[PDB]
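Beneath this line is the structure, given in structure tokens, with notes to follow.
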Amino acid sequence: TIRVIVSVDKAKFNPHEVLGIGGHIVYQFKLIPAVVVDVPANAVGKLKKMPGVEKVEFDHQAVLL
Amino acid sequence: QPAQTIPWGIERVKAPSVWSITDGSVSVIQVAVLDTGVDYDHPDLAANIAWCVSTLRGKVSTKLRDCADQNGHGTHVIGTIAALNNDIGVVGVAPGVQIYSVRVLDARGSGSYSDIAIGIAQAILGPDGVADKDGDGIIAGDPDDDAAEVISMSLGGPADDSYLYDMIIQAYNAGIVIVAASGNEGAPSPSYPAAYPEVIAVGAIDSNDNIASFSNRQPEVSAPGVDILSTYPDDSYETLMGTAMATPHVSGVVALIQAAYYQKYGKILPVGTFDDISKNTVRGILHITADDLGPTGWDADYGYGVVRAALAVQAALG
Ligand SMILES: [Ca+2]
Ligand SMILES: [Ca+2]
Ligand SMILES: [Ca+2]
Ligand SMILES: [Ca+2]
Ligand SMILES: [Ca+2]
Ligand SMILES: [Ca+2]
Ligand SMILES: [Ca+2]
Ligand SMILES: [Zn+2]
């Protein structure tokens, strides 16, 4: 399972969608049209094909400076 | 507890002469520090910690257990901004400013971009969970709301992600000054988020006014970032280096600017842009009052130069 951030079109996306591909909602952003989701590592391509999904971005790492 | 000293970096950025005007204790003003969390009971910090929140693993928790510093880095960065002016320890640039400690990095000082974005939103929303409660489009500086006026990010990554940037844009449009470390790889340009136009990228100087060799180049301004004594857990003090130590000096300077300006005018200044060289914008003020080291003008080492709070505040008020 991997964590991914999906930029969505709210007119065509529903958070209940992600269960359909074996994933689940971690966090829905209030301030930007995006949702954090855990998906099976092998379902990323499938997620990019899901309704209302505009961009799928891996969760990158920052470090203390 | 040791008797109080003023660390060399605080002196270098010309903070102590500001304190008769303000120490940043203007009630509408808070600085959100997105880091490893905070030693929230530290005797030299506690009184200034207004809110403690964590966004680790994509869940927002306001519990002290979850927001406490498990690394030391957050505590150190927070003391450079806001260690109290009293009889012990150290003193921050803005020793009366309220701090929101937003834990986006884990015990090992590593963080996911998702958690950082959610951290940025916490700084906009504030303890009340609402960005703009009276719906007037004023967020930072609105005494009816509880948004931070500065977001300080002593952290960085190599990725430019659409959604993190969207969140930076939201903070910027809320009137929040965003300040971030340039990075510690001696690279030719800053890390993200410092590298975004909306964000002040900060480089590190040492006590000889030389740019630190590790400091990522092309910053916007530079500040003390080598041999920086500040608070450290548990209820102690430690000396560290890096662009993460320089960043809070600049965040403290912005806090002083916006505090002084609100104290006089009952408003705050616009954030401004990288190119600004006017007095009408926080960033323009920072740029024109900065100590211009190295070659004349902006340069790839120091940016515009070393920030100077005394002069910045005078430019704000005059
Ligand atoms: Ca403590
Ligand atoms: Ca002190
Ligand atoms: Ca709020
Ligand atoms: Ca408002
Ligand atoms: Ca208002
Ligand atoms: Ca505020
Ligand atoms: Ca120069
Ligand atoms: Zn999960």
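Whatever order the structure lists ligands and atoms in, that order sets their numbers, starting from 1. The analysis underlying the following values was restricted to heavy atoms, covering all of them including side chains, and did not include hydrogens, waters or symmetry mates. Residue numbers begin at 1 in each chain, while the letters A, B, ... track the order of the sequences.
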Practice prompt. Check whether any N, O or S atom of B:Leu293, backbone or side chain, sits closer than 3.0 Å to the Ca ion (ligand 7).
Written response: yes
Worksheet item: Would you call B:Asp146-B:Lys133 a salt bridge at under 4.0 Å N-O?
Response: no
Worksheet item: By atom name, which N, O or S atom of B:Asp136 is the nearest to the Ca ion (ligand 4)?
Response: OD1
Fill in: N/O/S from B:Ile138 sitting under 3.0 Å away from the Ca ion (ligand 4)
yes
Discussion item. Which heavy atom of B:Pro233 sits nearest to which heavy atom of B:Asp69, and what is that distance?
Written reply: CG-OD2, 3.9 Å
Response to the item:
Answer key: the N, O or S atom of B:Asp292 nearest to the Ca ion (ligand 7) is OD1
Worksheet item: So which of the N, O or S atoms of B:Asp132 lies nearest the Ca ion (ligand 4)?
Response: OD1
Discussion item. As a test of reading the structure, name the N/O/S atom of B:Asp299 that is nearest the Ca ion (ligand 7).
Written reply: OD2
Item to complete: State, to the nearest 10 degrees, the angle whose vertex is the Ca ion (ligand 7) and whose arms point to O of B:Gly297 and O of B:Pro295.
Response: 90°
Practice prompt. Tell me whether the centres of the aromatic rings in A:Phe29 and A:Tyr27 are closer together than 6.0 Å.
Written response: yes
Item to complete: Inspect the contact between B:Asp291 and B:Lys14 and indicate whether a charged nitrogen and a carboxylate oxygen are less than 4.0 angstrom apart.
Response: no
Worksheet item: Side-chain contact, heavy-atom cut-off 4.5 Å: B:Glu220 with B:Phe274?
Response: yes
Fill in: From B:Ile120, B:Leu34, B:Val150, B:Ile168, residue fulfilling side-chain contact (heavy atoms from CB on, under 4.5 Å) relative to B:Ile178
B:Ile168
Practice prompt. State whether B:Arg103 and B:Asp66 are salt-bridged, where the test is any N-O pair (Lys NZ or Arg NE/NH1/NH2 against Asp/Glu carboxylate O) under 4.0 Å.
Written response: no
Item to complete: Report the name of the N/O/S atom of B:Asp145 located nearest to the Ca ion (ligand 4).
Response: OD2
Worksheet, complete the sentence: Closest to the Zn ion (ligand 8), among the N/O/S atoms of A:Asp38, is atom OD2
Discussion item. Side chains of B:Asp44 and B:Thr231 only: does a donor on one sit below 3.5 Å from an acceptor on the other?
Written reply: no
Discussion item. Under 3.0 Å from the Ca ion (ligand 4) - does any N, O or S atom of B:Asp134 fall there?
Written reply: yes
Worksheet, complete the sentence: Of all the N, O or S atoms in B:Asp142, the one nearest to the Ca ion (ligand 4) is OD2
